[PDB]
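Chains as they are written, first to last, in the deposited numbering: chain D, 1 to 113, 133 to 193, 212 to 276; chain H, 206 to 261, 271 to 291, 310 to 377; chain G, 206 to 261, 273 to 291; chain C, 615 to 665; chain S, 5 to 205; chain W, 1 to 46; chain Z, 285 to 330; chain Y, 136 to 316; chain B, 229 to 277, 288 to 316.
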Amino acid sequence: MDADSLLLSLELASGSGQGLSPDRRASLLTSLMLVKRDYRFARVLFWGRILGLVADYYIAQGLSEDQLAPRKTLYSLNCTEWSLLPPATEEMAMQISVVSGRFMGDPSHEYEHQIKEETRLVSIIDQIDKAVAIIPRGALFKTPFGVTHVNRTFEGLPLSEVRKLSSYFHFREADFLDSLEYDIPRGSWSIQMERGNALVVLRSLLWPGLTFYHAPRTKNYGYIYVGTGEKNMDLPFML
Amino acid sequence: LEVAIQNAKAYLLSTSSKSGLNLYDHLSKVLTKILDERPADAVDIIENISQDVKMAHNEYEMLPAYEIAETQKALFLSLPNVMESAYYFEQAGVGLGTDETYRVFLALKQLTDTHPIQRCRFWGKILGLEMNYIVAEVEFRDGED
Amino acid sequence: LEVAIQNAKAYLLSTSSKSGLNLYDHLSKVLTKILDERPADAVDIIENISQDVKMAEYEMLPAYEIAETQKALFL
Amino acid sequence: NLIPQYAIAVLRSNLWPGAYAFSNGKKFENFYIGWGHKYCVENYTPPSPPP
Amino acid sequence: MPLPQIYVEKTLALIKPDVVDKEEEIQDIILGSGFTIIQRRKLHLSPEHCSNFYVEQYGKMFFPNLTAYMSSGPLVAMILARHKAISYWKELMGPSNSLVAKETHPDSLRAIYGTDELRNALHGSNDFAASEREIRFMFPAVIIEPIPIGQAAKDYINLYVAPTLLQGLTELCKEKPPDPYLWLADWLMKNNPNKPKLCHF
Amino acid sequence: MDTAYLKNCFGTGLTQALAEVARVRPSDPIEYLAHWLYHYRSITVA
Amino acid sequence: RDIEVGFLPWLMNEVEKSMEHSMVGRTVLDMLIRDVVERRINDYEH
Amino acid sequence: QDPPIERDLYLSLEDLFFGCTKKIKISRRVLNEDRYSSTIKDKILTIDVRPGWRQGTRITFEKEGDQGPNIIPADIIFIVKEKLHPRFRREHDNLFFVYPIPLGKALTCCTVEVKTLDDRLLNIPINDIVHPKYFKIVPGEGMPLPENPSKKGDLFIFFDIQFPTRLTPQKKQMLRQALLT
Amino acid sequence: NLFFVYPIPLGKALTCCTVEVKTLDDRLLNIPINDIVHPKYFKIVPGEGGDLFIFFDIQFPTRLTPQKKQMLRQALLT
Numbered sequence: 001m002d003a004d005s006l007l008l009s010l011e012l013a014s015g016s017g018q019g020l021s022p023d024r025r026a027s028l029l030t031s032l033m034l035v036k037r038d039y040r041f042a043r044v045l046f047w048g049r050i051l052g053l054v055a056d057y058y059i060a061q062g063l064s065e066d067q068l069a070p071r072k073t074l075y076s077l078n079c080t081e082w083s084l085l086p087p088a089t090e091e092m093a094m095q096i097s098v099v100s101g102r103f104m105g106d107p108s109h110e111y112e113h133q134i135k136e137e138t139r140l141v142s143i144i145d146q147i148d149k150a151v152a153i154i155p156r157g158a159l160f161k162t163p164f165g166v167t168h169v170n171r172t173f174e175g176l177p178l179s180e181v182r183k184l185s186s187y188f189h190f191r192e193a212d213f214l215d216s217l218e219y220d221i222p223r224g225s226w227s228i229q230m231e232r233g234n235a236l237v238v239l240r241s242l243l244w245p246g247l248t249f250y251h252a253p254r255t256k257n258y259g260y261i262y263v264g265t266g267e268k269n270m271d272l273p274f275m276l
Numbered sequence: 206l207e208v209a210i211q212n213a214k215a216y217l218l219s220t221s222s223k224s225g226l227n228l229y230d231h232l233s234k235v236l237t238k239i240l241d242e243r244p245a246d247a248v249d250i251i252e253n254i255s256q257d258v259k260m261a271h272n273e274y275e276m277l278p279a280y281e282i283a284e285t286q287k288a289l290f291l310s311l312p313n314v315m316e317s318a319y320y321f322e323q324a325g326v327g328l329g330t331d332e333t334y335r336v337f338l339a340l341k342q343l344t345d346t347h348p349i350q351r352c353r354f355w356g357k358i359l360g361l362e363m364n365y366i367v368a369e370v371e372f373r374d375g376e377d
Numbered sequence: 206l207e208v209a210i211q212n213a214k215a216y217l218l219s220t221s222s223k224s225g226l227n228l229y230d231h232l233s234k235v236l237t238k239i240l241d242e243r244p245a246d247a248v249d250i251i252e253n254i255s256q257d258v259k260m261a273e274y275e276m277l278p279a280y281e282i283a284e285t286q287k288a289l290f291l
Numbered sequence: 615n616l617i618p619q620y621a622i623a624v625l626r627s628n629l630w631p632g633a634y635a636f637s638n639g640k641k642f643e644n645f646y647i648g649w650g651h652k653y654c655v656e657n658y659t660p661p662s663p664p665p
Numbered sequence: 005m006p007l008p009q010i011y012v013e014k015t016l017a018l019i020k021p022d023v024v025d026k027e028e029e030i031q032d033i034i035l036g037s038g039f040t041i042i043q044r045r046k047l048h049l050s051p052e053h054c055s056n057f058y059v060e061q062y063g064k065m066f067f068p069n070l071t072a073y074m075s076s077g078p079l080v081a082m083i084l085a086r087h088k089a090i091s092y093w094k095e096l097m098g099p100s101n102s103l104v105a106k107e108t109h110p111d112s113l114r115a116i117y118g119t120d121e122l123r124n125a126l127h128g129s130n131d132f133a134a135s136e137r138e139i140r141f142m143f144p145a146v147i148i149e150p151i152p153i154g155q156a157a158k159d160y161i162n163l164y165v166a167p168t169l170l171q172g173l174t175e176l177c178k179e180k181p182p183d184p185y186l187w188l189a190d191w192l193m194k195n196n197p198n199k200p201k202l203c204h205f
Numbered sequence: 001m002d003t004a005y006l007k008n009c010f011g012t013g014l015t016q017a018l019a020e021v022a023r024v025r026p027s028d029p030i031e032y033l034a035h036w037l038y039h040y041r042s043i044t045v046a
Numbered sequence: 285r286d287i288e289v290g291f292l293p294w295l296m297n298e299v300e301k302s303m304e305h306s307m308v309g310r311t312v313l314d315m316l317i318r319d320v321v322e323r324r325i326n327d328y329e330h
Numbered sequence: 136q137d138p139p140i141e142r143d144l145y146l147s148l149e150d151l152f153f154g155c156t157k158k159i160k161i162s163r164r165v166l167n168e169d170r171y172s173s174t175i176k177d178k179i180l181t182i183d184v185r186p187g188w189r190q191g192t193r194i195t196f197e198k199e200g201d202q203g204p205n206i207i208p209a210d211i212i213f214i215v216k217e218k219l220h221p222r223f224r225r226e227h228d229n230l231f232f233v234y235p236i237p238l239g240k241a242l243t244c245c246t247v248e249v250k251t252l253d254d255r256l257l258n259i260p261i262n263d264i265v266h267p268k269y270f271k272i273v274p275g276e277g278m279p280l281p282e283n284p285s286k287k288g289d290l291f292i293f294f295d296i297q298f299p300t301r302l303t304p305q306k307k308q309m310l311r312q313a314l315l316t
Numbered sequence: 229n230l231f232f233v234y235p236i237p238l239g240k241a242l243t244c245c246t247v248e249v250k251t252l253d254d255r256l257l258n259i260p261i262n263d264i265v266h267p268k269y270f271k272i273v274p275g276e277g288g289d290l291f292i293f294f295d296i297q298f299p300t301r302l303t304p305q306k307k308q309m310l311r312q313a314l315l316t
């Protein structure tokens, strides 16, 4: 989510209820203005929160002119000091699979299953971004220059094709992206609406904690993940 | 008529800040590729013709928002509880909401940390023509600055 | 040349049976929607205006239904 | 945490995600919002069939 | 020039580094008068870039203080289109030597936003060929009318490009590599008459 | 002959490259010619 | 020797024809602009 | 044939980052056809620096002047040396950043404020332990390749640990419990 | 000139203690450390070998605890 949705306090109104504080709302507004200042990102989004044991993780992501570029994600604990996370490889992705346990805090923490805490944070961030990141239909326009830009004449999603599920894409490399109907397993998205037809709520079930708001008549969209930091493989037992 | 013609052409020669191309030259290349090879369905191929045309020390400017983000960094680095008062503000349809009154409360915290103030409560706001006024009552301990 | 002007005008004036409109009136309506005072970044949206001019209640009634249920909360 | 003189202590259960309890401490309130599930450090092992 | 074509002339408006912080008010003046903004570039004029931009004046007149002045801050360059753009830009802009222009033309831009000769308020192109040279040097690949149709462009290629193209296509025939776009591009970036040889390490 | 080889090799691509060389006149037209040859490669291959 | 008689004058003739086509496309676009502006002036004021 | 001159010329790190045009004066030892002046008509030669060149690329002005009985002189105007930048010192497709640190602050979740050549304030944390022989990998930023301006290099952050010298023995007595245990 | 490198740990580095730089000739001695060691620093010991020189190599720990860390912060950053 952008800072504009941080102004409207739309995380609580999505209904997930883990939410954000005016502490962290003002802190993300000023500090993401700083993140847009120091690093020359086209757009800076508050990615979300990773639930901790001694300290709370606050994650934001920056994007270049190409909208499908590898993002330079950032982390902060006291919500002012943003620091650049390293990019993730597959070697660090299969490294953290032997560690099963809650996200603790204090990023120099070491796992005996050594394995650093920051590597776990970065690999978990790439896993969530590759799995359950969400872009609606017509939000991104594939330019013939080879880059992806924000479609600025994006009319919001009509009420007929909100519930298909074939009108939501992924915010990564692949109407030129892969839809939600091919997600494994099927039915792994909590399809919901708010009061009236004013906002569409999508909650990921492969990762419990991401919420996607979408106003069907305006250009308002974005994903925030506030939650456990774990991929539940218990999801086929739930459905 | 000629002034409006040149104004419309200057509208069409204006360069976008995203792609770096002009609309007049793009439509000229589209019409040139249309007049080169002519299919029967001229209207319906305007997608692919316009898409195929698109295949073929600049400083950065500081916002004023950069300057106010510089000034509001120090807010996040003997008062009364402003926050319950701000919750009671909103039931009357009154006040700054949450974010602007919390920046007010942080400026109050910086003022109380700067000066030896016994009681530093939010007096209120005075609306202005170009800039606002944020007013705080201050009671000094020793009576000095 | 003026003969090339007349030949290209006759080429643009040729209609299509699959749409019922020619390229000249389509580009004229596109330029009509362009020449109102839009900000000068219409290069990316010159396609989307062409789909907008080429294109030119029951799905909303659930909001009416929850608004029916919601009005008894304060009455 | 920025202004700690008027802070409220926010409890946060890790056994039940989304479970909280609150100070000032003169009075208190309890609130839960989540999926109604108990957190396990491992995956959900199914209950074994009877012998 | 003829009846079914039109001539939308262009000129360059330069915003000097003393007045770049006051850019919104003078932008209101130039937009309200009738001049249109084609594209605005915020460019830091290098001392080694100002001389190639000013071969017309600095190449024959000794004035290094203005060359140091253009590198003292940011420079905003814009393209203008208007009916009689050169004449109206000279009328609104006024003559130079802003100490005298504060007394002769008090409603001009240099009378308000200017201080002296070298610390000028603005800079504008005088002739159409000078405007074309200024626009072609500062700005990216934009098209400036007239398009030189007929024998004008053929002579330009035949005395600027096609000798090098003939020497490239002579060596491209013997031998014949597959996908000859690689060989032509490497020959043009290698055997460049206007660019020196490059040897990376 | 080599004339038929240069006929079948580039043709309209080199014609369009020299057309924008004659239309847009940079400081070095050779570098712009090679850059548009690379861009025409990237167009006709992808 | 062969290029000066063969591929190069044909390349210049094709470049001149392509610039003629680009010029005629630019002026029919300008004619469309003139028709649109004249129709808007005659219709919006009446 | 006379050997050509090899002038060592210094370019800054930000100039090699951005690729700015340079104006260089040359020698005036070429005889004209009029046999009255030794000044060449091309006083300054127009160049173009590509972003991210190597330390020592050879740029050759082949057949410059073309004067002499059997000598065709050439000018090697570029022996690419680099100025002593106060922050970064480069390597092949790489930049190492040497940044001073205190021993009580080196051991932390560190704050490395890296002001790059693009005037970007990079904030890179250190959460591994800090050896004297320790470096980190910050991919995606550096000087770009001479073949690819768009894709960048790598940053390595090196550390100079300054041990304190004025510890009174109470902190030594409890530093016996602060490192040994 | 004869010299050797001793890998002293960081725990015995910042604290005053005794180190054992045994010579290769006559089995002596337990010379204590007085000043705080630097990475680029040496002592001087009289003898013949051409005098003996000692270089100190610092070995850093790998794993630490948050309370261990905070009381190290009270040790070093104060």
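For every residue, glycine included, the Cβ atom is placed at its ideal position computed from N, Cα and C.
{"Check": "For a contact meaning CB atoms closer than 7 Å, what does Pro304 of chain B contact in chain D?", "Outcome": "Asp106"}
{"Check": "Taking Cβ-Cβ distances shorter than 9 Å, what residues in chain Y pair up with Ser55 of chain S?", "Outcome": "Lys158 and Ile179"}
{"Check": "Looking at the C-beta of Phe152 of chain Y, does it have a partner C-beta in chain S at a distance below 8 Å?", "Outcome": "no"}
{"Check": "With a cut-off of 8 Å, does the C-beta of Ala46 of chain W fall near any C-beta of chain Z?", "Outcome": "no"}
{"Check": "Do you know offhand how far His271 of chain H's Cα is from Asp150 of chain Y's?", "Outcome": "10 Å"}
{"Check": "Measure the C-alpha to C-alpha separation of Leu6 of chain W and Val299 of chain Z and round it to an integer number of angstroms.", "Outcome": "15 Å"}
{"Check": "Could you run through the segment 32 to 62 of chain S and flag, in chain order, every residue whose CB is less than 9 Å away from some CB of chain Y?", "Outcome": "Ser50, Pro51, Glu52, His53, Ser55 and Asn56"}
{"Check": "Work out the CA separation of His48 of chain S and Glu27 of chain S for me, nearest whole Å.", "Outcome": "16 Å"}
{"Check": "Beta carbon of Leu238 of chain B, beta carbon of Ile296 of chain B: below 8 Å?", "Outcome": "yes"}
{"Check": "So what does DSSP say about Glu192 of chain D, is it helix, strand or coil?", "Outcome": "coil"}
{"Check": "Comparing the C-beta of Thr192 of chain Y with each C-beta of chain F, is any distance below 8 Å?", "Outcome": "Structure shown: chain F not included; protein chains present are D, H, G, C, S, W, Z, Y and B."}
{"Check": "What do you get for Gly288 of chain B, buried or exposed, if any count of 16 or more other CB atoms within 10 angstroms of its CB means buried?", "Outcome": "exposed"}
{"Check": "Which one or two residues does DSSP pair with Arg224 of chain Y in a beta bridge?", "Outcome": "Y:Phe231"}
{"Check": "Any idea which residues DSSP pairs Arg255 of chain B with across the strands?", "Outcome": "Bridge partners of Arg255 of chain B: none, in fact."}
{"Check": "Thinking C-alpha only, which one of B:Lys268, B:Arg311 and B:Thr303 is nearest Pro267 of chain Y?", "Outcome": "B:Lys268"}
{"Check": "Relative to chain C, which residues along the segment 51 to 71 of chain D have a C-beta separation below 8 Å, given in chain order?", "Outcome": "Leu51 and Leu53"}
{"Check": "In the structure shown, what three-state DSSP assignment does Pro278 of chain G receive?", "Outcome": "helix"}
{"Check": "Hey, could you find the ends of the beta strand (DSSP E) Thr167 of chain D is sitting in?", "Outcome": "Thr167 to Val169"}
{"Check": "Is the beta carbon of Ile147 of chain D less than 8 Å from the beta carbon of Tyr58 of chain D?", "Outcome": "no"}
{"Check": "Counting only the same chain and skipping the five closest in sequence on each side, list residues whose C-beta sits under 8 Å from that of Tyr11 of chain S.", "Outcome": "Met5, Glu149 and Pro150"}
{"Check": "Step through the CB atoms of chain S and report whether any lies within less than 8 Å of the CB of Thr243 of chain Y.", "Outcome": "no"}
{"Check": "Report yes or no: do three or more beta-carbon pairs, one from the segment 212 to 225 of chain H and one from the segment 219 to 226 of chain G, lie closer than 8 Å?", "Outcome": "no"}
{"Check": "Around the Cβ of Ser662 of chain C, are there at least 16 other Cβ atoms within 10 angstroms (buried) or fewer (exposed)?", "Outcome": "exposed"}
{"Check": "Determine the DSSP secondary structure at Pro304 of chain B, reduced to helix, strand or coil.", "Outcome": "helix"}
{"Check": "Which residue comes first and which comes last in the beta strand (DSSP E) that contains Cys203 of chain S?", "Outcome": "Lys201 to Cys203"}
{"Check": "Measure the C-alpha to C-alpha separation of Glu316 of chain H and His651 of chain C and round it to an integer number of angstroms.", "Outcome": "33 Å"}
{"Check": "Look at the alpha carbon of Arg232 of chain D and the alpha carbon of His251 of chain D, and state the distance between them as a whole number of angstroms.", "Outcome": "13 Å"}
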